[PDB]
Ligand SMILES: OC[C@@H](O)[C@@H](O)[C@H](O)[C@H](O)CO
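Presented below, as structure tokens, is a lone chain in the form solved without D-mannitol (MTL).
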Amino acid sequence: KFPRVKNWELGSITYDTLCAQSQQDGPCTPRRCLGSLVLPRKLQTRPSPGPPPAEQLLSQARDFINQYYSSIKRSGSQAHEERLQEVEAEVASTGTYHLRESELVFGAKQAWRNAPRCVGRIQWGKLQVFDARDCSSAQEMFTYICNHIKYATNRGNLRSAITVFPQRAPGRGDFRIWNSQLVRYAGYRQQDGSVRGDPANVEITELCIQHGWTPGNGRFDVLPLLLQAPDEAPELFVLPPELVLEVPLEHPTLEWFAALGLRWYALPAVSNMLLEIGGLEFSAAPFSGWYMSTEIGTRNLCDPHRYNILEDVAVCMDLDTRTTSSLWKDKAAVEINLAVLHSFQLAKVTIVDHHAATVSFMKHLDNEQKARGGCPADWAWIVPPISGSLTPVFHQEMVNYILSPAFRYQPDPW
């Protein structure tokens, strides 16, 4: 029934009882485990042209409202009872309902708290929630997004935030941010199939050009936003350069590193995920925190299908790239990550290294064990892409399951 979770570094054991509260199924079965898969095969988020079964929505709604009143220690109170009645009344008559701002704020924080792949959840309680449901056009979306960025960036002293646009509605198109992140570097396919810039952003870069954007020709050209109001073609918006904080990359002791002309933006803001609260779905709810150095130094800069700078750095370090056994890749990666940390610290921009991050996550696991009897966590995503076993989370067994409120993937709007 309840899984026994062990930490092999400390010898300690715990029992996850929270997983029982899971109402949504993952991709695994007793026959085979598909935990290493990035996206769901079916756990997607099918269209919403028709209203969801009132019974199902109503049960998810009640559960959420129940969750909310427990949080404010007012369960069973008169307000709790009236709120449930309001929800019942609205669903029965319209097939849907609406959240109160306070509930939305509670729901957003819970979704982050329940995100199995986020290593920064110890900060889950300090989330600035912007209510953007009052939005009715792509232009208005652009204004909200610009305010989110200004606030979140805060001159380098990053602050976690989320902006919530209008929920999905039956038979009506969704509000969507076509970009996967609010700030991304263009990826231009060139003559021989190669790519200048970020290979991960080729498709979105092309859509922007298709929709009237005048493309640059650099390796780090910040893309424009393609914002979509319900049932309307997406509109193009260029972000004001002064709002997009960037950090030039240099190395503490390797003078030549800066000559590589590398840089990265300060604000990591996922904008293509769906936020689900009490059965309601928010198709556009960009959120941001701050980077963990391995995301830039290891994945973005060193992944083979990304900037893939490992070899260049290796050669500048005059390493023996003749054989794998010289561990030249491992050596270059460490320096690149060091350069990232050094640079962000120099530019006074918030950033956390993987050691500090994983240590904070272990604390979070403990806090959650006492507060809720468990913590859904995805081991493959929590453990850093380098020096895995050198961090504490590597030696910690984890249970992964889906709790709601939750952040989920959704189909690309095109």
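The term rigid core refers to the maximal set of C-alpha atoms that superpose within 1.5 Å between the two forms. Just count from 1 along the sequence shown to find any residue number.
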>> Once everything is fitted on the core, do the CA positions of 300 to 308 or those of 167 to 175 lie farther from the shown form in 9 other deposited structures of this protein?
In response: 167 to 175
>> Stretch 335 to 343 versus stretch 68 to 76: after rigid core alignment, which one is farther off in C-alpha RMS in 9 other deposited structures of this protein?
In response: 68 to 76
>> One third of the other compared structures is the cut-off here: is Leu57 left unmodelled in that many or more?
In response: no
> Does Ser36 go missing in at least one third of the other entries compared here?
Replying inline: no
>> Quick check: 282 to 290 versus 90 to 98, which has the larger average CA B-factor in the record?
In response: 90 to 98
>> Tell me which stretch has the larger mean Cα B-factor in this entry, 380 to 388 or 45 to 53.
In response: 45 to 53
> For the listed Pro116, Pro166, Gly120, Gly76, which has the peak Cα B-factor recorded in the PDB entry?
Replying inline: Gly76
> Reading the B-factor column of the entry, which of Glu276, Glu295, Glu81, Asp131 has the highest value at its C-alpha atom?
Replying inline: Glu81
> Which third, lowest, middle or highest, does the CA B-factor of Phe407 fall in along this chain?
Replying inline: lowest
> Hey, what third does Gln181 fall into on Cα B-factor, ranked over its chain?
Replying inline: lowest
>> Please place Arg31 in the lowest, middle or highest third of its chain according to the CA B-factor in the PDB entry.
In response: highest
>> Ranking every modelled residue in this chain by its Cα temperature factor as given in the entry, which third contains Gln345?
In response: middle
> Which third of the chain does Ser271 land in by C-alpha B-factor: lowest, middle or highest?
Replying inline: lowest
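A second form of this protein, the form deposited with D-mannitol (MTL) bound, is not displayed here; the remarks below concern that form.
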> Among 319 to 327, 193 to 201, 210 to 218, 224 to 232, which stretch sits within 4.5 Å of D-mannitol (MTL) in the deposited bound form, heavy atoms only?
Replying inline: 193 to 201
>> Between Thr143, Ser71, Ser180, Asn154, only one gets a heavy atom within 4.5 angstroms of D-mannitol (MTL) in the deposited bound form; which residue is that?
In response: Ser180
>> With a cut-off of 4.5 Å between heavy atoms, is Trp414 one of the residues that contacts D-mannitol (MTL) in the deposited bound form?
In response: yes
> Is there a non-hydrogen atom of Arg184 within 4.5 angstroms of a non-hydrogen atom of D-mannitol (MTL) in the deposited bound form?
Replying inline: yes
>> in the deposited bound form, does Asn272 come within 4.5 Å of D-mannitol (MTL), counting heavy atoms only?
In response: yes
